[PDB]
């Protein structure tokens, strides 16, 4: 049959790709080829339009199996060829060793770190439900797509997938259909050594529907039927148990050895001969298979053509919603949306930046429908919900609706991070956010790093940023956290000092298309600064207090900018003239012109940094660094600041020592370097 030939083609493309690289993972591709064939036949997609908003999405959560994904994409005529497969795992190729959404056409997300993809699928499905609830009308099914996820035993062991699966079950996400590659093998051998739980019983406990396919090595009829069954269960996500043989067909099938290394050449020969292929040929693509796959593409393209006409008719009947939808699909925010951002003056009261953040969200959520977000069980602490909005919940619960805009993530930071990545991956200009304490963003590092690598414009609303939180103590107080994320490529880490800077931080976060944002926000009140503005703070770093005859410049962030300003006054009494720089985002600052950066951090003057966290990174911008490189303490916050000498007098003392240290020395900007 042509179906059998397609499955063999997929298997052998994957095996040949691994062989050519002499690197990679043939086992799961061999075991999952029947399921991949069956699922892609059911999926609606256009290889010539990867961004069609009503496509079904596929996610390979077991990303090491990517030779399988690449084979599917090649066979279906995505912008990926057999020549690209021949360059699997080679420097600069479109077929990297794990899938990357930036590099691989048809890769929705970046996987390889286990557990992430299933959570991303939960986010894609969450977004689809929210999107459909927002736009669909009678006779206008603008959004009705499914989210298909493959995952393995490793993904099921990772706690992040438990978090997302509990939440997905709670959210009754009926358009999510996940497939477990039940092959009883991981790197350390049999799952009997470490993973003997009743997975199916666990998934039932989350409120998932289950379909079991006992012979997923061959029974594509049953896999197709499982999809049909899952589509009938509209109020539960479905887990399809695919009982497979890892490395099916290999001499080494059913062993850990077939997981992660190239097959022996003689093994590949016997694979080919028993499936009717030429053992002397590699990268074979039978034209029958191409033809069959092209038929399905042509049908899908006619479906998209009809969808485009549905969308045109929608814009006629619902002109307001239609224009909104068009704008979002064009990747554009509402015209002048940023006029809603709050602006402050130095005459306004002190406000904590967590509260300033609440106020921003309250103003911009009504203006920008593509903003949705939530908190990991810290809503009244992070202040992440705009009053009068509705929670994202299935209406059956009575607790919200799918048109809602506020997500109750529960105590699930890591899954929140990966779900945010999925919401961004859905597209339609979603600008989504997630609240927790800054110190517990670290629980989600696996996902945060992938936000950066994947270039997704997600936002962490990361409150309680420092020892300023006080009594909860050192288990809650960040030290290393900003250094960690600033050291990660492509993360904007905003630490706004006041009202105007907080609005600039949100302007950046919402306008972002390729850079995730972390907004480090305070528990404690901070004054409105003389000299701040959205305009200046949007440069990432700016001169707050200019002093043309400066003996020293103090560069600071967040809560320490006000401290620097108070230190300037103490220094004046000591006969020392200081300037102050505010550096609310180091990444945005770094991206400014060299001349702009030098105007902020000039040659010929010592520069002292002040920030109540790690000094790592700060030598980019300063000659000396006053930071906190030990754990915190449990007490009233002002007493902790006093203990560590983060006081106007403590800063002034260190500034004076810095001036003295450079007396008689030639000083050049920290921005200068040898290469």
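In this text, the rigid core denotes the largest set of C-alpha atoms whose superposition between the two forms falls within 1.5 Å. Positions refer to the first chain, counted from 1.
Novice: Which stretch is less alike in 6 other deposited structures of this protein, 441-449 or 374-382, counting RMS CA distance after the rigid core is superposed?
Specialist: Between 441-449 and 374-382, greater C-alpha deviation in 6 other deposited structures of this protein belongs to 374-382.
Novice: Once the rigid core is matched, which of the two stretches, 599-607 or 384-392, lies farther off on average in 6 other deposited structures of this protein by C-alpha?
Specialist: The stretch that sits farther from the shown form in 6 other deposited structures of this protein is 384-392.
Novice: Tell me which stretch, 662-670 or 17-25, has the higher mean Cα B-factor listed in the entry.
Specialist: Mean CA B-factor is higher for 662-670.
Novice: Look over 270-278 and 127-135 in the entry and identify the one with the greater average Cα temperature factor.
Specialist: Result: 270-278.
Novice: Quick one: which of 412, 232, 484, 495 has the biggest Cα B-factor according to the entry?
Specialist: Reading the PDB entry, the winner on C-alpha B-factor is 232.
Novice: Of 163, 153, 219, 585, which one's C-alpha B factor is largest in the deposited record?
Specialist: Highest C-alpha B-factor among the listed options: 219.
Novice: Is residue 649 in the lowest, middle or highest third of its chain when residues are ranked by C-alpha B-factor?
Specialist: Tercile = highest for this residue's CA B-factor.
Novice: Could you place residue 315 in the lowest, middle or highest third of its chain by Cα temperature factor, using the values in the record?
Specialist: For residue 315, the deposited C-alpha B-factor lands in the highest third.
Novice: Looking at the C-alpha B-factor of residue 436, is it in the lowest, middle or highest third of its chain?
Specialist: Residue 436: CA B-factor falls in the lowest third of its chain.
Novice: When the deposited Cα B-factors of this chain's modelled residues are ordered and cut into thirds, is residue 339 in the lowest, the middle or the highest one?
Specialist: According to the entry, residue 339 has a C-alpha B-factor in the chain's highest third.
Novice: Ordered by C-alpha B-factor within the chain, which third holds residue 332? Give me lowest, middle or highest, please.
Specialist: It belongs to the highest third of the chain when residues are ordered by C-alpha B-factor.
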